[PDB]
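S.K.: Take this sequence and fold it.
(one chain, ligands or ions: 1)
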Amino acid sequence: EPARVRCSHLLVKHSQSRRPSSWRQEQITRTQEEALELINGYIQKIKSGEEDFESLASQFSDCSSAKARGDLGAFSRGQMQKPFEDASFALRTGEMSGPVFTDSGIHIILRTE
Ligand SMILES: O=C(N[C@H](Cc1cccc(F)c1)C(=O)O)c1ccc2ccccc2c1
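M.R.: Residues are numbered from 1 along each chain as shown. Sure, structure below:
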């Protein structure tokens with residue numbers, strides 16, 4: 001395992017997220033159920049080729065990393081929330097995760113390095 005990985009992600013928050021606000025919306029109103037529906041629909045569009053991961057993250061991620069087209073930069077273990085970390089380190093470079101759940105919301109992760 002490398003000391004650090006670089007990943008991009010797309011976060012979809014919901015009304016029970018730790019911080020249910022984002023640069024996209026003053027208050028996150030969608031339900032947890034709707035957030036997972038959106039995540040799964042993004043996964044399906046990326047798998048079909050209809051959408052590009054980082055292009056989608058740049059406009060639809062609730063994380064401020066949307067400004068960097070979803071890029072979080074490099075990180076080691078012990079930094080990110082544990083479910084995010086474990087998913088990220090389990091990816092090969094070029095691989096995308098399925099839904100990943102944290103206190104922040106629901107993510108899809110693309111490992112880039
Ligand atoms: O409903 C849409 N987006 C939803 C609702 C929403 C949430 C936060 C910001 C916003 F502009 C829209 C979402 O992103 O979760 C929506 C509506 C029309 C669109 C048209 C083209 C592409 C994406 C589009 C997306």
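
S.K.: for the helix ranked longest in the chain, which positions count as buried?
M.R.: Counting residues, the longest helix found in the chain (DSSP state H) is helix 32-48. Across helix 32-48, burial judged by 16 or more other CB atoms under 10 Å covers 32, 35, 36, 38, 39, 42, 43, 46. From N, CA and C alone the C-beta is placed, and that goes for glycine too.

S.K.: My read is that the first one contacts residue 13, right?
M.R.: No - here residue 32 lies out of contact with residue 13, judged by CB atoms under 8 Å, at a distance of 9.8 Å.

S.K.: Could you check how far the residue nearest to residue 27 when sequence neighbours are not counted is from residue 42?
M.R.: Among residues not flanking residue 27 along the chain, residue 21 sits closest, at 5.9 Å (CB to CB, 6 or more residues apart in numbering). If you measure residue 21 against residue 42 using CB to CB, to the nearest Å, the figure is 21 Å.

S.K.: try residue 52
M.R.: On the measure of CB to CB, residue 52 and residue 42 end up 11 Å apart.

S.K.: Okay, strands next: where are they in the chain?
M.R.: In the chain, the strands defined using DSSP state E lie at 4-12, 71-76, 100-102, 105-111.

S.K.: Residues in contact with the longest one: which ones?
M.R.: Translated: strand 4-12. 22, 30, 35-36, 38-39, 42, 53-54, 56-57, 60-63, 65, 69-76, 84, 88-89, 91, 104-113 (CB atoms under 8 Å, 6 or more residues apart in numbering).

S.K.: quick one, it and helix 32-48 angle?
M.R.: Interaxial angle, strand 4-12 versus helix 32-48 (axes from the mean of the first three to the mean of the last three CA atoms, to 10 degrees): 120 degrees.

S.K.: Next: the second one.
M.R.: Taking the same axes, to 10 degrees, strand 71-76 and helix 32-48 form an angle of 100 degrees between their directions.

S.K.: In the sheet, which strands lie alongside strand 71-76, parallel or antiparallel?
M.R.: strand 4-12 (antiparallel) (DSSP bridges).
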